[PDB]
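The chain below stands alone and is given as structure tokens, in the form deposited in one PDB entry.
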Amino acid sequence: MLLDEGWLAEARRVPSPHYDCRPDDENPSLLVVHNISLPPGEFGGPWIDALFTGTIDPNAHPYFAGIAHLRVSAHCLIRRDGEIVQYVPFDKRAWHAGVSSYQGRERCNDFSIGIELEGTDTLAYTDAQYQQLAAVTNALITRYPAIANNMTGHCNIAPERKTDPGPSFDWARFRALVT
């Protein structure tokens, strides 16, 4: 697919207020793979769109109040059916990695894009999502070369704390489709 220098045309743009300047406007290299579903264990709700914009309703669900204290966002999301939703231009800083670390260098937000796979640590992602994740990845690799040589889980840059994208994530399947 195609890149309007930050934005994915194919997608459904959610204008998240939750971005800012990459420090010294450094360009991204490492892509991190995230997972998420809300409420935790269901798919298709509007609620992800919600969390990612800082508007989600703490009253919509006993699990939504537990996190209604965050302001967080991830560059793009892949829904179970392949649909790509984009909240923030790739060149900008997403509030996704958190307290993370990759190769001596923390605050991994700075230099990374974050892709969310709708799902759970323990349930297989769908064919469409492997096709889509790889699709987006090839694009960013073309814009940002280093990505092909920096790809990881949240669980890698934040062990113990994070386990996403989980043992479900079959890197084999995905890589099989990256350039």
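Just count from 1 along the sequence shown to find any residue number.
Quick note: we don't show the form deposited with a small molecule bound, though the next part is all about it.
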> Looking in the entry with it bound, any heavy atom of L38 within 4.5 Å of the small molecule?
Replying inline: yes
> Any chance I67 has a heavy atom within 4.5 Å of the small molecule in the entry with it bound?
Replying inline: yes
> For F43, is any heavy atom within 4.5 Å of the small molecule in the entry with it bound, or not?
Replying inline: no
>> I'd like to know if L51 sits close to the small molecule in the entry with it bound, meaning any non-hydrogen atom pair within 4.5 angstroms.
In response: yes
>> Does the small molecule, in the entry with it bound, lie within 4.5 angstroms of each residue among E83, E118 and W171, using heavy atoms as the measure?
In response: no
